[PDB]
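Each remark here refers to the structure printed beneath this line.
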Amino acid sequence: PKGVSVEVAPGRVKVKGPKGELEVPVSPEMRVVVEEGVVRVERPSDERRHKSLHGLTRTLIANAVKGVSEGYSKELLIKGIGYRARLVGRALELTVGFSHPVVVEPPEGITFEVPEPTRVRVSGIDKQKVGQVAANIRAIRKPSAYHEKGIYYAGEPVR
Amino acid sequence: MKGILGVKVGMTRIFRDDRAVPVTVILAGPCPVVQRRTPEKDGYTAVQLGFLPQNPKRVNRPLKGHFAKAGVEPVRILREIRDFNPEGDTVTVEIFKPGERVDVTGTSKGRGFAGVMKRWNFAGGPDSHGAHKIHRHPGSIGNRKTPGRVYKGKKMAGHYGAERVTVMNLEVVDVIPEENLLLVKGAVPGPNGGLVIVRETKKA
Amino acid sequence: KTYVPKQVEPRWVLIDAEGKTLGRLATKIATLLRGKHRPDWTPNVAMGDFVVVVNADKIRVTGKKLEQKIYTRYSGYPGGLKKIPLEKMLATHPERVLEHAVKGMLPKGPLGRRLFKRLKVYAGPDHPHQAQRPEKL
RNA sequence: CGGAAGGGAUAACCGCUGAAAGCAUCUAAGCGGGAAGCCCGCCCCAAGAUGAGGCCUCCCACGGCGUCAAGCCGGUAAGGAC
RNA sequence: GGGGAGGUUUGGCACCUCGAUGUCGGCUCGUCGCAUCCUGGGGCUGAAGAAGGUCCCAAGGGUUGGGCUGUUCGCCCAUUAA
RNA sequence: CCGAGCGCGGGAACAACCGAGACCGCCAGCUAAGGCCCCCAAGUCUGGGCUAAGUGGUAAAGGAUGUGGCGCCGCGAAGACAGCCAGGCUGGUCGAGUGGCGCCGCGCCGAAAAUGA
Ligand SMILES: [Mg+2]
Ligand SMILES: [Mg+2]
Ligand SMILES: [Mg+2]
Ligand SMILES: [Mg+2]
Ligand SMILES: [Mg+2]
Ligand SMILES: [Mg+2]
Ligand SMILES: [Mg+2]
Ligand SMILES: [Mg+2]
Ligand SMILES: [Mg+2]
Ligand SMILES: [Mg+2]
Ligand SMILES: [Mg+2]
Ligand SMILES: [Mg+2]
Ligand SMILES: [Mg+2]
Ligand SMILES: [Mg+2]
Ligand SMILES: [Mg+2]
Ligand SMILES: [Mg+2]
Ligand SMILES: [Mg+2]
Ligand SMILES: [Mg+2]
Ligand SMILES: [Mg+2]
Ligand SMILES: [Mg+2]
Ligand SMILES: [Mg+2]
Ligand SMILES: [Mg+2]
Ligand SMILES: [Mg+2]
Ligand SMILES: [Mg+2]
Ligand SMILES: [Mg+2]
Ligand SMILES: [Mg+2]
Ligand SMILES: [Mg+2]
Ligand SMILES: [Mg+2]
Ligand SMILES: [Mg+2]
Ligand SMILES: [Mg+2]
Ligand SMILES: [Mg+2]
Ligand SMILES: [Mg+2]
Ligand SMILES: [Mg+2]
Ligand SMILES: [Mg+2]
Ligand SMILES: [Mg+2]
Ligand SMILES: [Mg+2]
Ligand SMILES: [Mg+2]
Ligand SMILES: [Mg+2]
Ligand SMILES: [Mg+2]
Ligand SMILES: [Mg+2]
Ligand SMILES: [Mg+2]
Ligand SMILES: [Mg+2]
Ligand SMILES: [Mg+2]
Ligand SMILES: [Mg+2]
Ligand SMILES: [Mg+2]
Ligand SMILES: [Mg+2]
Ligand SMILES: [Mg+2]
Ligand SMILES: [Mg+2]
Ligand SMILES: [Mg+2]
Ligand SMILES: [Mg+2]
Ligand SMILES: [Mg+2]
Ligand SMILES: [Mg+2]
Ligand SMILES: [Mg+2]
Ligand SMILES: [Mg+2]
Ligand SMILES: [Mg+2]
Ligand SMILES: [Mg+2]
Ligand SMILES: [Mg+2]
Ligand SMILES: [Mg+2]
Ligand SMILES: [Mg+2]
Ligand SMILES: [Mg+2]
Ligand SMILES: [Mg+2]
Ligand SMILES: [Mg+2]
Ligand SMILES: [Mg+2]
Ligand SMILES: [Mg+2]
Ligand SMILES: [Mg+2]
Ligand SMILES: [Mg+2]
Ligand SMILES: [Mg+2]
Ligand SMILES: [Mg+2]
Ligand SMILES: [Mg+2]
Ligand SMILES: [Mg+2]
Ligand SMILES: [Mg+2]
Ligand SMILES: [Mg+2]
Ligand SMILES: [Mg+2]
Ligand SMILES: [Mg+2]
Ligand SMILES: [Mg+2]
Ligand SMILES: [Mg+2]
Ligand SMILES: [Mg+2]
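Residue numbers (full-length UniProt numbering), protein chains in the order written: chain A, 12 to 170; chain B, 1 to 204; chain C, 2 to 138.
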């Protein structure tokens, strides 16, 4: 948690950093300790649901950190002939086998990048945001299970 | 949300560019605004439009003050037009450009106590093999001990027509401001003389 | 012969509703609605206090209720069984949810309806600033 | 000329972040997508909605009995009926 | 080979009704259930595409005309999104 | 037991289920079954567990890392299960438990019908 600026509140935690500040809804019955330059958290007991709540926030907070730190971004491959993508200012239009060129809106906090017609990174400050947006694209043209086409994260081929 | 009162004047057909077009002619004389109601004074937005001239003697009513409150020649009729605050003091056929599609409300013709066949376009009965008693009848109307009653809203004969009817998306054809006339795509509720309102449609 | 009461001035009351469990609240409201708390009680006459409630939307409700609870409006017509879940009530007119709870706990008779009038409900707060307002919990 | 468009919430289902259970999971906290269907939107009725709603305008004291109180008889106003 | 749901079939029992609860078909008028025939959504496919298979969600609406028979049903002609 | 107690209380309602065998009167008292949050008389009574399905508000074979409680077997600080590096169980790293079976309590699925619930 170096260089950060995590500031505790009643039911939430405001984490700041080079990238910026971001709110993270924290559970009620949890102790967000701010030991030293780092941060800890402890649970009121040792019940089934409490364990879940600890590990959840335990990570959910660590994301607030990394988020304002190094930031997040996911790649996107694009197979098939006509299948490609041209960045257009903020938004990106990509023809991928449809008679209508797909215009993709750029949500706030997110700024996807296009290094190549086939490759596409998705810059962002929030795992929740980035994760959705990434999928939001694969959704535009899932991987044809009969050969290579449509967009891919970077994972194995559907074959 | 344009709007304007008028009277169905009649209907005949004109020739567009080279094809015939059946059109109704409405007359939406100059309608003086009589009261603009805001969300402050009332709770909605709308305008009271007057219509035909009136014998000042016939309007001895308190309406005289309502007319004076806006300083306008006593009109014969006046209705509101929801969500529509214009300009000036009078609306005109100028509000409608040819090509714009409008909704026309009106009062359908009065058919009084009409039969079920007449009213709900029922089937009635056979003219030949059957009893000469149910030729134009509704036949059955229910079941047995269950429900043992008749469904509310069952279609039956009764007073019908002579009611508020709104036809929609009628395209406005040539509109003559020179005489306050307004042509439309023909079918429009009411008899030749009935007060009708003409609004903006919902195509999108 | 047991005591025979006489005309009594309506005692008004102001009630909160934030965090209050729907029913637990409705009970007391009902019991105060009829003069059943005052020892000069008489079923015959009906002289319950004018209860006024505020902050309706604030009402709590345990477990799956906003999603589970269903309200039935039957019209006289076929298939008119129209049913509405709790969440929708608070969206539209939320005051209803407390009303349809109190109304249910009042007696069925004619004076029971006369009692449902004594009950005033809003969510704001800000009642019609009349006169009485003896707060309570 | 109409069935819509459109907004909102969902079904099966697809998915993001994510513990419990170092991994993994659409879920346990949370969030997004998704039906000719649900809510609304259109059209008609509609304040006996006795919970009888709002606005604009017009007319407006008592002339005689009941000692407070509730009423009764007549000429009227705006206005209404025949 | 095993467990069940439904109460459309055939039937068991004899409980109201024998000082009367008119029977099959058709017509007219429908309305409801969903275990969905079509249209909408979706999973798997021995799913290349188109077409189709099975299962899931979903009543809003729709669900033709005729030959034969008293027929219900069924067969058949011509079509349909069905 | 009803019949003959369709007289009373309870059970929503209801001959025969639970309580009880009504000579008359009373603006007296103790109870019975059943109940004591409101409609509805009396505890939003006390203490100790369980249940998140409205289960409770009433369905089976059979299915499932539901939740809690009890007992046993295999590996483990001579480093185990899991993941990450390398080779094809072994090594390293980390570092405290982990995997399988059986029984009890409550619960989930299986669970589609016709006028409005
Ligand atoms: Mg994945
Ligand atoms: Mg007038
Ligand atoms: Mg209007
Ligand atoms: Mg005929
Ligand atoms: Mg005959
Ligand atoms: Mg005859
Ligand atoms: Mg009946
Ligand atoms: Mg004429
Ligand atoms: Mg407050
Ligand atoms: Mg129904
Ligand atoms: Mg239906
Ligand atoms: Mg008040
Ligand atoms: Mg005050
Ligand atoms: Mg899907
Ligand atoms: Mg898929
Ligand atoms: Mg993880
Ligand atoms: Mg995952
Ligand atoms: Mg959730
Ligand atoms: Mg699940
Ligand atoms: Mg959503
Ligand atoms: Mg949506
Ligand atoms: Mg939809
Ligand atoms: Mg609707
Ligand atoms: Mg009205
Ligand atoms: Mg009125
Ligand atoms: Mg009024
Ligand atoms: Mg005067
Ligand atoms: Mg005077
Ligand atoms: Mg005077
Ligand atoms: Mg005087
Ligand atoms: Mg006069
Ligand atoms: Mg069988
Ligand atoms: Mg049967
Ligand atoms: Mg039957
Ligand atoms: Mg039988
Ligand atoms: Mg016998
Ligand atoms: Mg008989
Ligand atoms: Mg008889
Ligand atoms: Mg008879
Ligand atoms: Mg018979
Ligand atoms: Mg036939
Ligand atoms: Mg189904
Ligand atoms: Mg089947
Ligand atoms: Mg289609
Ligand atoms: Mg697929
Ligand atoms: Mg399929
Ligand atoms: Mg296919
Ligand atoms: Mg295909
Ligand atoms: Mg049907
Ligand atoms: Mg319908
Ligand atoms: Mg046929
Ligand atoms: Mg024939
Ligand atoms: Mg024949
Ligand atoms: Mg046969
Ligand atoms: Mg043949
Ligand atoms: Mg044949
Ligand atoms: Mg054939
Ligand atoms: Mg053919
Ligand atoms: Mg005996
Ligand atoms: Mg005996
Ligand atoms: Mg009895
Ligand atoms: Mg009894
Ligand atoms: Mg008996
Ligand atoms: Mg008895
Ligand atoms: Mg006993
Ligand atoms: Mg005896
Ligand atoms: Mg005793
Ligand atoms: Mg109790
Ligand atoms: Mg307690
Ligand atoms: Mg069961
Ligand atoms: Mg079982
Ligand atoms: Mg299975
Ligand atoms: Mg199985
Ligand atoms: Mg628990
Ligand atoms: Mg168990
Ligand atoms: Mg090891
Ligand atoms: Mg089910």
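Yeah, the Cβ is synthetic: ideal placement off N, Cα and C, and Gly gets one too.
For the options A/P29, A/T122, A/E47, A/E116, the alpha carbon positioned closest to that of A/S80 is the one of A/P29. Listed by position along chain C, the residues whose Cβ is nearer than 9 Å to that of B/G153 are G77, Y78, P79. Minimum Cα-Cα distance from C/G110 among the listed residues C/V55, C/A47, C/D41, C/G80 corresponds to C/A47. Cβ-Cβ separation between A/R132 and A/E119: approximately 18 Å, too far for a contact (criterion under 8 Å).
Ranked by Cα distance from B/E171, the first of B/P147, B/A68, B/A187, B/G142 is B/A187.
Taking all protein chains in view, the Cβ of B/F96 is crowded by 16 or more other Cβ atoms within 10 Å, so the residue is classified as buried. A straight line joining the alpha-carbon of A/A20 with that of A/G135 spans about 25 Å. When C-beta atoms of the segment 3 to 22 of chain C are compared with those of the segment 40 to 52 of chain B, fewer than three pairs fall below 8 Å, so the two segments do not count as touching.
With fewer than 16 other beta carbons inside 10 angstroms of its own, A/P36 counts as exposed.
In this chain, the beta strand (DSSP E) harbouring B/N169 covers 164 to 171. For B/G10, the enclosing beta strand (DSSP E) begins and ends at 5 to 15. Pairing A/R54 with C/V103, the inter-Cα distance amounts to about 40 Å. Only residues of its own chain outside the window of five on either side were considered, and among them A102 have a CB closer than 7 Å to the CB of C/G24, listed in chain order. For A/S134, the uninterrupted beta strand (DSSP E) segment begins and ends at 132 to 135.
CA-CA distance, B/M168 to C/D17, rounds to 50 Å. When DSSP assignments are scanned along the segment 109 to 137 of chain C, the uninterrupted stretches of alpha helix (DSSP H) that are 4 or more residues long and fall wholly within it turn out to be 111 to 119. Between the beta-carbon of B/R199 and that of B/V102 there is about 6 Å, and that keeps the pair under the 8 Å contact cut.
Partner residues in a beta bridge of A/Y94, as assigned by DSSP, do not exist. Put simply, of B/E73, B/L182, B/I141 the residue whose alpha carbon is nearest the alpha carbon of B/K57 is B/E73. Per DSSP, the continuous beta strand (DSSP E) segment holding A/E104 begins and ends at 102 to 105. Under the three-state reduction of DSSP, B/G112 is assigned to strand. If you check the CB distance, A/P117 and A/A102 come in under 9 Å.
Within a 10 Å sphere around the beta-carbon of C/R35 sit 16 or more other beta-carbons, which makes this residue buried. A direct Cα-Cα distance of roughly 55 Å separates C/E68 from B/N192. Cβ-Cβ distances below 6 Å link B/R76 to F51, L52, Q54 in the same chain, with the five nearest sequence neighbours on each side left out; the list follows chain order. Spatial neighbours of B/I141 in its own chain (CB-CB distance under 7 Å, excluding positions within 5 residues in sequence) are listed in chain order as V150, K154. When the Cα atoms are used, C/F117 and C/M106 turn out to be separated by approximately 10 Å. Taking C-beta separations shorter than 7 Å and ignoring five residues to either side along the sequence, the partners of A/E40 in its chain run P55, following chain order. In the structure shown, the three-state DSSP call for A/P112 is coil. Of the candidates B/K2, B/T24, B/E100, B/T24 places its Cα closest to the Cα of B/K185. One Cα belongs to B/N180, the other to B/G10, and the distance between them is close to 14 Å. About 15 Å separates the CB atoms of C/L33 and C/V9; that is not less than 8 Å, and the two are not in contact.
Counting along the chain, C/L87 sits inside the alpha helix (DSSP H) bounded by residues 87 to 92.
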